[PDB]
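> Below: the sequence, then the experimentally determined structure.
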Amino acid sequence: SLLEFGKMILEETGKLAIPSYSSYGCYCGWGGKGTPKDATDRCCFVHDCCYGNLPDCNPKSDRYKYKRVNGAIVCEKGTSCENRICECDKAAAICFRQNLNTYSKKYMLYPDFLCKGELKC
Ligand SMILES: C[C@]12C[C@H](O)[C@H]3[C@@H](CCC4=CC(=O)CC[C@@]43C)[C@@H]1CC[C@@H]2C(=O)CO
């Protein structure tokens with residue numbers, strides 16, 4: 001679920017998901033169109049694609065369980081949807097973490113009309 005993803009992001013990165021990632025670039029949060037701005041946005045693009053791979057799943061509302069093994073995120077057994085959503089969210093949180101070094105506040109609240117360019121999942 002969205003609140004769980006938010007917590008996973010905070011855990012990984014130290015940033016609150018709202019506002020650091022909820023409106024970032026062309027793909028994070030509501031939004032996704034055009035060319036991603038940066039690596040972090042590309043995380044969102046791939047995450048968007050990841051959710052798109054699951055049209056009869058509801059990742060905002062569906063709660064999954066995960067644990068930590070070494071500080072590593074380990075998705076735990078639920079429904080097939082929950083398992084898959086968990087893996088999507090886990091990847092995105094790790095990707096944010098991997099790309100904190102190029103996170104740019106200038107992409108927060110990024111204007112929709114600057115998102116043109118195209119990209120197939
Ligand atoms: C889902 C995200 C996690 C997080 O918890 C946010 C969400 C945006 C909307 C939202 C509404 C809430 O009241 C709870 C948090 C949450 C539902 C965030 C946008 C950034 C992050 C994403 O990157 C999605 O692209």
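Received, thanks. Residues are numbered from 1 along each chain as shown.
> what about the residue in the chain that the ligand sits nearest to, distance to residue 96?
Among residues of the chain, the one nearest the ligand by C-beta to the nearest ligand atom turns out to be residue 6. It sits 2.3 Å away. No exception for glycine: its C-beta is placed from N, CA and C like everyone else's. Applying C-beta to C-beta, to the nearest Å, the value for residue 6 to residue 96 is 12 Å.
> neighbour count winner among these two?
A count of neighbours by other C-beta atoms under 10 Å puts residue 96 above the other of residue 6 and residue 96, at 25 against 17.
> so that one touches residue 11, yeah?
No: with contacts defined as C-beta atoms under 8 Å, residue 96 does not count as touching residue 11, sitting 10.5 Å away.
> near the ligand at all, stretch 86-97?
No: judged by C-beta under 6 Å from any ligand atom, stretch 86-97 stays clear of the ligand, getting no closer than 6.7 Å.
> ok, the residue nearest the centre of the chain - contacts?
Most central in the chain under C-alpha atoms, centre = their mean is residue 92, positioned 4.3 Å from the mean C-alpha point. With C-beta atoms under 8 Å, 6 or more residues apart in numbering as the criterion, the residues that contact residue 92 are 5, 9, 43-44, 46-47, 50.
> chain center to the helix or strand it falls within: distance?
Take DSSP states H and E as the rule and residue 92 turns out to sit in helix 80-98. Centre-to-centre, helix 80-98 and its host chain are 7 Å apart (C-alpha atoms, centre = their mean, to the nearest Å).
> Enumerate the residues of the protein near the ligand.
2-3, 5-6, 9, 17-18, 21-22, 28-29, 44, 47.
> Now, of those residues, which are buried?
2, 5-6, 9, 17, 21-22, 28-29, 44, 47 (16 or more other C-beta atoms under 10 Å).
> Pipe the residues you listed into CSV and attach secondary structure and distance to residue 72 per row.
Rendered in CSV, the data for these read as follows (DSSP: H, G, I helix; E, B strand; the rest coil; distance: C-beta to C-beta, whole Å):
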residue, secondary structure, distance to residue 72
2, helix, 22
5, helix, 17
6, helix, 19
9, helix, 16
17, helix, 20
21, coil, 21
22, coil, 25
28, coil, 24
29, coil, 26
44, helix, 22
47, helix, 19
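> Thanks a lot, catch you later.
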